[PDB]
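Throughout, protein chains are lettered first and strands after them, A, B, ... in sequence-line order, and every chain is numbered starting at 1.
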Number of protein chains: 4
Amino acid sequence: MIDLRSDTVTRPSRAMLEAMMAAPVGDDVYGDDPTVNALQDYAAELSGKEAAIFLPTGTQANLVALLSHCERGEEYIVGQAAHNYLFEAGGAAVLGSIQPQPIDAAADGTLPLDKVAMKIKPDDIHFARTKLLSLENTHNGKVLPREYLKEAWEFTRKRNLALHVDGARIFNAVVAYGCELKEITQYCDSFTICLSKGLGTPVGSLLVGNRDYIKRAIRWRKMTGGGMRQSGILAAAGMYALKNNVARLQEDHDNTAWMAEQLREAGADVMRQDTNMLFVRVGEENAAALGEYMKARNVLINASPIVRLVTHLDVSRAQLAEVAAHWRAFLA
Amino acid sequence: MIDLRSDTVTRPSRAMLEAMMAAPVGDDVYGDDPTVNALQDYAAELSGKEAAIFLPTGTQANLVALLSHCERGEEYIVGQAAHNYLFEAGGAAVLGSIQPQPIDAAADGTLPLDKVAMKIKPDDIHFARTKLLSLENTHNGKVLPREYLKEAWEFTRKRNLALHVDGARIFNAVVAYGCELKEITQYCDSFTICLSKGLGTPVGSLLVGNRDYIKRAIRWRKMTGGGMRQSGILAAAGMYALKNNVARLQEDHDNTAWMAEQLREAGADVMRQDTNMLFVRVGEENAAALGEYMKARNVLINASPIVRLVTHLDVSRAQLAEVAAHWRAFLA
Amino acid sequence: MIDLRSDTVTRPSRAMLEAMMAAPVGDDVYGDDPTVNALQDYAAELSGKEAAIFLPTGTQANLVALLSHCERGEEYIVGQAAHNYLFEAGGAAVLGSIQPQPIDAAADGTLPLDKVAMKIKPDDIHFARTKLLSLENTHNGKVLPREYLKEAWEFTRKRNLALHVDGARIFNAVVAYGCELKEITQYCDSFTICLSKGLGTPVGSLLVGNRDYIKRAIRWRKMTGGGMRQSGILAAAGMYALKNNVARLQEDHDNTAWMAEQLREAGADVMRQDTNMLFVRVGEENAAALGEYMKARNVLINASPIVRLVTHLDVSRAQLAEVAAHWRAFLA
Amino acid sequence: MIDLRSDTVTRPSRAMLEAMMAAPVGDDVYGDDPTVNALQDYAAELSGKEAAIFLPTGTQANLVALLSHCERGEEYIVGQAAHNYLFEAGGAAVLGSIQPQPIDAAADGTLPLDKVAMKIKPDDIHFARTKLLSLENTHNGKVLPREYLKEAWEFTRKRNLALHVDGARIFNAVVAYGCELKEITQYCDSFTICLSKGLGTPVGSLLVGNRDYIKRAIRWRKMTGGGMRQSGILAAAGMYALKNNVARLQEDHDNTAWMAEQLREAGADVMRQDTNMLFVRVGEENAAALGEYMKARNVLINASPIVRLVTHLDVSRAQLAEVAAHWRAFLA
Ligand SMILES: Cc1ncc(COP(=O)(O)O)c(CN[C@H](C(=O)O)[C@@H](C)O)c1O
Ligand SMILES: Cc1ncc(COP(=O)(O)O)c(CN[C@H](C(=O)O)[C@@H](C)O)c1O
Ligand SMILES: Cc1ncc(COP(=O)(O)O)c(CNCC(=O)O)c1O
Ligand SMILES: Cc1ncc(COP(=O)(O)O)c(CNCC(=O)O)c1O
Ligand SMILES: [Cl-]
Ligand SMILES: [Mg+2]
Ligand SMILES: [Mg+2]
Ligand SMILES: [Mg+2]
Ligand SMILES: [Mg+2]
Ligand SMILES: [Mg+2]
Ligand SMILES: [Mg+2]
């Protein structure tokens, strides 16, 4: 089975499973789970932050981050296509009583600061109270320019606004920058880390930030339903992932870069390629046809006019070759 | 005094006050105020709708309108600069648990239906549930083209979306169209009518729609705090205004077109004139100074880079001539 | 028409109407309404508080007070039968994301402090965060003992909790205590005043408290839809009420005390009498019969097994005699 | 170590861990995890319901259950000491916009139906809309009488209310009843099953109900953050527990009855013993001291005036004998 629908489908390696089954555990609600604590301390330390908290999903990581930053009536400036505005079902507004102020991202994935500036509300009773700027790195595989990350950080300080980064795929960006995680997380107040995508974990995400901030985050995690018990079994996998699966993300990137060239030399229309993502304009007509045609040969893609292919540790290059052949044969 | 800050500054005429002091009243919570009932029946009949509800303000009329249309987790497509998104402190999301989905309006004030369609969410757990399209007529004085109004209605019927129109200045649109109110309200499920701006009432707005919709609105009005007692005294002004203050809106319109030419003559940079509003680019270097200079001559404006001047029954052409002379002196 | 359903049905006297029609007004949103400001300053001054804000209803006065005191996730201890828990449709929870912790009041109308104490939550992530204690004076005509008001005040300071008093009928209690308003409002951080009940106003209520508190209240009043324009027309009536209708509440009380004795000597079962309220156990059977039987002779009561009769300025004693006759005749 | 803090402290048996490491997984968001699907199908079939949904915690299971049953402005009748009212940080109201209506449970843990009926709100705009009755089985170890369960169900059908049962320890009730699960679940619309307490799972709870109800729950799970990926590894433990850890709950029960007698012998004041819980009145003068003394001997308890001791598969009778000896030494 060749699954290119997303990097969320990565399954645990035997080594990861072993680390999981041998991890000492405790009751996380009581703060007695050794492995959970260890994962959190390690993440805080690696990012230059004071604390971190483990969550069941990146969606809850963001929901909690937003609740922790914004009180009732406050607002967050975010992307119209950002995950914590568009793909978390309006959670920040629906459950958190937070006003979202979405704006279109530039082609490079950043939120134009001149545009963010026009959305910062005056301190007048007619408006929501602007409090947070939220970013997303990577954004649809897009690695945000580092100069912008720094400028966004400077700008938010000037405007007394906090800055959050949805880092579901932050390690993909890190590998692509060729720098240390800390050199990019210094430009935010808080950020998330998904362990269940390219890092290969079964479940789990982390929210990282200032001690006091994280303390509030614990309150919100409890209310939203993410305060688990012996979650050390899951956190164990995250530690294994962070110590063994970061560098090979480069293989996912090289594989995507390779596949783009393949599909290219196969009649396919590759719109763009970034880190572990490739976007192909298949078109309305062949969209559903291609979907079934692939699934028939154990190749899974989220069929659509513009298909998003995502590489990861459970897809090898030979497997990409075979999918490339099938795609080159489909065009007949 | 000469007030061009907004049309909300209108004060009761002598005739309106008499109607008020002479109106029969009752407890509106019990549904026993003859004047509120009469006002609501008249507005309903005048617009071709089943029912109407009187509220303390247009803000509450919209908040209640949004709550009546969208249940928790649902979403409304609306303008980035629309009043019930930008100027009501994010009430729909904060208090209502509704996801707002703003988009930029086109220059004529409409929300391009191609963009609205791009925002309708698929029925998938990752998204909010698109339920309503909210419009604004007039929008900063701009009158929406009638063809678009019919187009939006048809568009929403086809896509099973409700259509709400914030009609704070809908009679300014009606007068400008040269048609009957009902000829434009047939293109919406619900709409609001502000009585306290150009129509000259001291307080009050109305929400109009079908009987079932309004019955839900009544519950939301109570909860949000608009369930008043002897509001008949306030409703009486509304009735006086709808019967005696609608046609004269043409005077305000003529006065704004006139003032626009007077200022153009004076050297001011008039950006645009639409119904009872005209926009002047004063610029940052003169913003505050113009505000003080005018305030000195007993002319009140909302100083700002781009000054919005609003006309109404409490500002005459002669007074506008004086303002144009002061402005003229200011520039040179 | 003899209306005993509530004191909310009081209509404006000619003098009140005159004060209303002659009051100088402004735009309250801009803070330019002279009469609104005057009503607020006078109320703050009379109660020893720093500021006050005028609202369309007592319901919005409480909704706003609760929002101003409690942030998302905080909690207020209140009565199971208190108006801002039971009769405002769950507004504090529904719109404000505030957890209500209701408890049964004692027979005297107070919230037993030993009981309030057991409901104050530990600072643990499993619980809502206790922040406010809310009272109600009068509570179903019941005048709360002054010693308790003082003890409740002392207790909340010891527990670092704010204290709010729903004073819809605070002047009835004031008259019954025979003291100055300030001697009872010193035992709370904020309180409300309804002008539209025994005080005789058509619409309106006031929220009073600390400057900073009230400033937040202005934000919430705007969002909830209570920020009106020329509301000086309404506030004028409140000033007239506060300067002319406070002392005669004693007449309502004497009238209630008189009627109790009458209905008593008529076969009626008077359960209790407090200030301007009388409660009669009519029973399931005669409940609906009595309702229609009265309405037939222009006597309006909220028919029920236990009828609540409320006296006020629009009911004279002769009128109570006539209703007493009808009730004594109904028992045949 | 000897942990009597709660049954949530249970750690995976050797057999459970093997089942976990050997379970086939998939992406649960896509509905492709065979083990989650199997767990959900098994629970549904075992309880006579149409569907089930796996969640990270019982808190989320209840939050989602409440959201699925009550729309905004609706209300649930629930116990003042019930977990989804008292111990979930007011989530239903704070995040869900649902009015909670708590009432004291009777000594046997049921909510007296006469009191529940007194709380059903009339259909009037002043009230929240009563929608759900929530129950707790077991409640602090107390098993609800089966006659009451049938009585509540019948009561809610007659009054058109849905019935939810928080079944964190429902198998403790089942074992105590000596009947099949389905014989008690027929008396509710929905119920939860906690897998991480007495059943010995590291994490996880289940919400069970009809297909339509569960489909709405799936949306709320996503929004609140419980939409995990390869949760099959966690679901596998749940399946192992339901098939191998239910009958032994009787051992925990016997151990608690035994420990209660051991402590009575030692001079402790045993308030009550119900299933796997026993309550000891330690008193304020000895609360903290007992906590330290025990913690010294490697026995963990939740020190407090009234200490709640909870038994489970990780505490044997021999260990309970040691605790009884330490306690005995403590007292004299
Ligand atoms: C299009 C529109 N809709 C709704 C409202 C709310 O009505 P209110 O709550 O009674 O004020 C206004 C108010 N117009 C003001 C104005 O243009 O002067 C603006 C500052 O809020 C408005 O222009
Ligand atoms: C009756 C009941 N319902 C729901 C829950 C929520 O389940 P969780 O979110 O997985 O913890 C608990 C937890 N029981 C804990 C206990 O008894 O030790 C209590 C502190 O929260 C419970 O006892
Ligand atoms: C940028 C981003 N942020 C947050 C999340 C939330 O994570 P959970 O799905 O674990 O809740 C995702 C999920 N990613 C979906 C995909 O790209 O396939 C994501 O891509
Ligand atoms: C104690 C109390 N508090 C607040 C309110 C809210 O006021 P509005 O109705 O103006 O929103 C009322 C209304 N009183 C209802 C009655 O006794 O008839 C009340 O009695
Ligand atoms: Cl809803
Ligand atoms: Mg994975
Ligand atoms: Mg909300
Ligand atoms: Mg006006
Ligand atoms: Mg009145
Ligand atoms: Mg809420
Ligand atoms: Mg466990």
Side-chain angles (χ1 to χ4, degrees), chain C residues 6-7 43 46-49 58-59 61-62 65-66 69 76-88 100-120 132-159 161-194 197-199 205-209 246 249-250 252-254 256-257 260 271-279 308 310-312:
Chain C
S6 180
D7 46 13
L46 180 68
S47 64
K49 297 303 177 188
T59 288
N62 281 299
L66 295 174
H69 278 297
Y76 69 117
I77 295 177
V78 56
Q80 281 276 18
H83 205 282
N84 64 29
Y85 167 68
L86 180 64
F87 298 108
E88 280 156 37
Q101 169 61 81
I103 58 169
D104 289 343
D108 64 2
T110 73
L111 298 198
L113 298 186
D114 61 303
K115 236 73 76 59
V116 175
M118 295 200 283
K119 292 306 183 189
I120 296 174
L132 177 64
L133 168 64
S134 177
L135 307 164
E136 191 179 297
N137 205 194
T138 68
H139 179 57
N140 288 309
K142 320 182 183 160
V143 186
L144 275 64
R146 292 173 63 168
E147 41 280 18
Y148 169 80
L149 293 184
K150 170 180 179 307
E151 280 174 286
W153 172 246
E154 292 253 354
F155 172 83
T156 53
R157 269 90 225 82
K158 301 185 231 275
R159 304 314 190 97
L161 299 171
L163 179 50
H164 177 251
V165 172
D166 179 338
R169 294 191 182 81
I170 193 154
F171 279 101
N172 284 274
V174 163
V175 171
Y177 296 125
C179 66
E180 304 289 298
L181 172 68
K182 201 187 299 184
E183 292 172 79
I184 69 172
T185 55
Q186 73 193 305
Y187 301 130
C188 76
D189 298 309
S190 68
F191 72 101
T192 61
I193 294 164
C194 268
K197 298 180 199 309
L199 291 177
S205 177
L206 291 159
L207 166 59
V208 192
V246 172
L249 293 169
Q250 177 63 247
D252 291 334
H253 303 174
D254 294 336
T256 297
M271 296 162 80
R272 76 180 174 79
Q273 159 247 309
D274 286 287
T275 54
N276 66 322
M277 284 180 208
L278 183 49
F279 302 72
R308 182 194 66 164
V310 187
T311 53
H312 48 72

Check against side chain to side chain donor-acceptor pair (under 3.5 Å), C/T192 and C/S205: CA-CA 7 Å; C/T192 61; C/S205 177; 5.2 Å; no
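- Annotation for C/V246 and C/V175: closest pair O-CG2, 3.6 Å, computed over non-hydrogen atoms.
- Here the side chains of C/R169 and C/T275 are not in contact, with every heavy-atom distance at 4.5 Å or above.
- Looking at C/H312 and C/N276, their side chains never bring a donor and an acceptor atom within 3.5 Å of each other.
- Side chains of C/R308 and C/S6 form a contact here, defined as non-hydrogen atoms less than 4.5 Å apart.
- Exactly one of C/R157, C/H164, C/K49 qualifies for a side chain to side chain contact (heavy atoms under 4.5 Å, CB included) with C/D189. That residue is C/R157.
- For the pair C/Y148 and C/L111, the minimum side-chain heavy-atom distance is below 4.5 Å.
- Of all non-hydrogen atoms in C/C188 and C/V165, the two that sit nearest each other are CB-CG2, 3.7 Å.
- Between the side chain of C/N140 and the backbone N or O of C/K142 there is no donor-acceptor pair closer than 3.5 Å.
- A heavy-atom distance below 4.5 Å is not found between the side chains of C/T138 and C/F171.
- Applying the ring-ring contact (aromatic ring centres under 6.0 Å, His included) test to C/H139 and every residue at least two apart in sequence or in another chain returns nothing.
- Between C/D274 and C/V143 there is no side-chain heavy-atom pair separated by less than 4.5 Å.
- Residue pairs meeting the side-chain hydrogen bond (donor to acceptor under 3.5 Å, both in side chains) criterion with at least one partner in residues 174-183 of chain C, sequence neighbours excluded, are C/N137-C/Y177.
- The shortest distance between side-chain heavy atoms of C/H253 and C/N172 falls below 4.5 Å.
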